[PDB]
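One chain is shown next in structure tokens, namely the form deposited in one PDB entry.
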């Protein structure tokens, strides 16, 4: 039977599967088509993240169902950056990222140069050259962004 996998990047992938196929098998078929390693793939159906050892039938995924594919870094995690405007931005980072690395990702969302960003965590302003790991900043930690505005 056929199922469809929709990516964020718009694209739709068509797969040939059996209800008995495991999520792992499905990711392998996506890798065969798109080159994406299964360990970087998150598949979503019925609002749930699908687990590798379950089958399509386990999730009641029927012929011509659409699954949604999101790509995530193998060793990554998320943190939140709260701004003084109340916007919360969610970022994918890893323990190895330096504060400078994190600022670069913030610049993509906020349009603010790193040299005008300050990040505060646990009452302390963070230093550019240190890692999230160094600061014991774990998954789902909230950092606070403050802007350095001229004048």
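Residue numbers count along the first chain shown, from 1.
Visitor: Name the higher of the two by mean Cα B-factor in the PDB entry, 53-61 versus 91-99.
Guide: On average, C-alpha B-factors are higher across 53-61.
Visitor: Quiz for you: based on the deposited Cα B-factor, which of 48, 27, 68, 33 is highest?
Guide: That would be 33.
Visitor: Per the coordinate record, which of the options 44, 119, 104, 122 holds the highest CA temperature factor?
Guide: Max CA B-factor in the entry, restricted to 44, 119, 104, 122: 122.
Visitor: Once the chain's modelled residues are ordered by C-alpha B factor and cut into thirds, is residue 20 in the lowest, middle or highest one?
Guide: For residue 20, the deposited C-alpha B-factor lands in the middle third.
Visitor: In terms of the CA temperature factor given in the entry, to which third of its chain does residue 133 belong: lowest, middle or highest?
Guide: Its C-alpha B-factor, which the entry lists for residue 133, ranks in the highest third among residues of this chain.
Visitor: What third of the chain, by the recorded C-alpha B-factor, contains residue 142?
Guide: For residue 142, whose C-alpha B-factor we compare with every modelled residue in the chain, the answer is the middle third.
Visitor: Divide the modelled residues of the chain into thirds by Cα B-factor and specify which third, lowest, middle or highest, holds residue 150.
Guide: Highest third.
There is another form of this protein, the form deposited in another entry, and it is not shown here; the text below is about that form.
Visitor: Which of 37, 101, 73, 57 lies at the hinge where one rigid part of the chain turns against the other between the shown form and the other one?
Guide: That leaves 73 as the hinge residue.
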